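In the form deposited in one PDB entry, a lone chain appears below as C-alpha cells.
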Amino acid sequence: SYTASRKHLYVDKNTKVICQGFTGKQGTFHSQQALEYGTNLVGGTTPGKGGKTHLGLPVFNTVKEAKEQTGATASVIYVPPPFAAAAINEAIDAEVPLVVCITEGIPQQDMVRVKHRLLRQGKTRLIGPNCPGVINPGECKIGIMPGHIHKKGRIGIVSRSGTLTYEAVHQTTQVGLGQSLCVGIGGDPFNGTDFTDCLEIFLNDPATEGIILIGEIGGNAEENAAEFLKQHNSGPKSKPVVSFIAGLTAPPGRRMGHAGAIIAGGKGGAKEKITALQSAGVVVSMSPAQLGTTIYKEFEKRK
C-alpha cells in the first residue's frame, strides 16, 4: 500500500538528499541554500551531465546511480514542466524513499499517469508537485521555504499554500511554540500527499503537540481531513487542531492562481470545508493573522 510510505515524510538530520535538475538555475541556487542550512545534500542528477562535479558535489546521469553512490534517501526535483513527470517516475523507479517535486506547471494528465504508478507501490513517498516542500527545523530542509523564520518546537504544519505556511510558521515562532515538522503539499489538484497523510504522522509524533492545517478552495482534501480527524483524533490523547481556509470570497469558475484552487459545479467551496473541519473539532481561525494566537490558546488549554 502507498500509505506505508507516509513515514518517509518526516525528514531529520540523517536524511541525505540528491537534486534532480541539479545543474539548472533554480536547482543550483536552492542547492546552495540547502548546504547553507545544513541539509545533507550529497549530489544531484542531470541527464547527459554525469561524471561532473557541481558545488563540489558529484553529478550523475541517473537517479539510480546517484542513489547507489551516495546512499541518498530523498530527492528534490527542479526539472522543467515538460520533463518533470518523467523525473518523478525515474525517482519512483529507483525506489527513492522521499521525493519532493517543486516544479510548477506539470500537465494534469501527466500527474494522473504519475499517480497511477505511485499508488501501486509503497517504497516511494511523493510530495508535490507545485509545492514548497518539507522542513524539520534545525535538522533538515528540503524545498523553497525560508529556514530562518523557523524554530524547532511543538506545532506540526501542513498546507496547500506556501506563502500561508510562512505566515503560520512566523506566528508560531513569535508566540514561542515553534514547529516540529512543516509540510507543504502544494497547490496542484493531483499530488502525492494530502492532509490525512501528514495528520497521520503528526498524530503519531510525540514531538507534535498541536496541528495547524491550512487549506483553500477546490477539491475535497479538507473534507477528507475532517473525516480522518473524527476517527483518529478523538481521545484519550487527542491533539488540538487549528485551521485556516482561504478563498471565502473567491469567485466561482476561476482558477485562483493554484491549478487546484477552483470552485466548479458548486463543489470546492470554502464554507463547506470550514463547516466540516469545525464538526471534526477543529478550531477554524477566521483570520489568517491569528493562527499563532489561536493555537496558543488551545495549547495552553491542554493544562
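Numbering starts at 1 and runs along the sequence shown. For the two forms, the rigid core is made up of the largest set of C-alpha atoms that agree within 1.5 Å on superposition.
Residue 266 is a gap in at least a third of the other entries compared, counting only those with both neighbours built. Between 195 to 203 and 142 to 150, it is 142 to 150 that carries the larger average Cα temperature factor according to the deposited entry. The PDB entry records a higher mean C-alpha B factor for 233 to 241 than for its counterpart among 66 to 74 and 233 to 241.
The PDB entry assigns the greatest CA B-factor among 110, 90, 227, 104 to 227. When the CA B factors of the chain's modelled residues are split into thirds, the value for residue 15 lands in the middle one.
Among the modelled residues of its chain, residue 220 has a C-alpha B-factor that falls in the highest third, as given in the PDB entry. When the modelled residues of the chain are ordered by C-alpha B-factor, residue 249 sits in the highest third. Looking at the C-alpha B-factors along this chain, the one for residue 9 belongs to the lowest third. Ranked by Cα temperature factor within the chain, residue 177 sits in the highest third according to the deposited record.
Another form, the form deposited in another entry, is not on view; read the next lines as being about it.
Once the two forms are fitted on their rigid core, between this form and the one not shown the CA displacement reaches 2 Å or more only for 259 among 259, 34, 42, 59.
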